[PDB]
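J.: sequence plus experimental coordinates follow:
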Amino acid sequence: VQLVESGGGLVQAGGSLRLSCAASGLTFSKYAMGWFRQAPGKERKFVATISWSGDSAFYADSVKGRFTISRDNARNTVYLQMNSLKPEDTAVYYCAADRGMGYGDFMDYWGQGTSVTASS
Amino acid sequence: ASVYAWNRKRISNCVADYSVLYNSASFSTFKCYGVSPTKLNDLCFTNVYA
Ligand SMILES: *[C@@H]1O[C@H](CO)[C@@H](O)[C@H](O)[C@H]1NC(C)=O
């Protein structure tokens, strides 16, 4: 029931960026976790998703080499690292969970969405 | 078709390299049950009527 987004893209210069969500309403090793984003004008698009227990991970065609969807089975937390920040990554991000293997427009639990944006 | 008069064709005896889906990057609710998306490529059964 609890899946909250925090952090931001409040960057005065380019660099490594982190997002720190927490899953503290239900289990986190059963509900396959996910991470989506809605650009300011562009729709909710897939960013990353994880398996049930974190055993399988894959990304999109433009975020795979510069992202890190890190989950935490213990201590109830989850992070998304964004590396080599680019202007094509302006969005509001959501941590998510579902009974499948993430990757669903409608999840089991939906994040609030923190604004991450890269400006150079 | 729809959910009230859906058809069930035979899905076997034909090449199915489901990696042809994994470069899609346009789906919304790709989910897989009894199998992960990855491990339905190395092993995948017959009688897989779609
Ligand atoms: C269907 O179209 C999408 C995008 O146009 C593509 O990613 C997918 O591979 C296509 N599938 C088949 C079976 O043609």
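T.: Yes, it's here. Numbering: from 1, shown residues only, chains lettered A, B, ... in the order given.

J.: test my guess that residue A:46 contacts residue A:103.
T.: Yes - the pair residue A:46 and residue A:103 qualifies as a contact (CB atoms under 8 Å) at a distance of 6.3 Å. In this view, the C-beta of every residue, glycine as well, is placed from N, C-alpha and C.

J.: what residues are shared contacts of these two?
T.: Taking CB atoms under 8 Å, 6 or more residues apart in numbering or on different chains as the criterion, residue A:46 and residue A:103 both touch B:27, B:28.

J.: show me what residue of chain A gets nearest to the ligand.
T.: Using CB to the nearest ligand atom, residue A:61 is the residue of chain A that sits closest to the ligand, at 10.6 Å.

J.: and chain B, by the same measure?
T.: For chain B, CB to the nearest ligand atom, closest residue to the ligand: residue B:24, 3.6 Å.

J.: list the contacts for the closest residue to that residue other than its chain neighbours?
T.: Sequence neighbours aside, residue B:30 is the residue nearest to residue B:24 in space, at 7.7 Å (criterion: CB to CB, 6 or more residues apart in numbering or on different chains). Residue B:30 sits next to A:101, A:103, B:21, B:24, B:37 when contact means CB under 8 Å, 6+ apart.

J.: isn't the first one right up against residue A:48?
T.: No - with contact taken as CB under 8 Å, residue A:101 and residue A:48 are classed as non-touching, separated by 11.8 Å.

J.: now name the helix or strand holding the residue positioned nearest the centre of chain A.
T.: What sits nearest the mean C-alpha location of chain A, by CA atoms, centre = their mean, is residue A:35, with 3.0 Å. Using DSSP states H and E, residue A:35 maps to strand A:32-38.

J.: buried set for the following helix or strand past that strand?
T.: Tracing the chain past strand A:32-38, the next element assigned as helix or strand by DSSP H and E is strand A:44-50. By 16 or more other CB atoms under 10 Å in any protein chain shown, the buried positions in strand A:44-50 come out as A:46, A:47, A:48, A:49, A:50.
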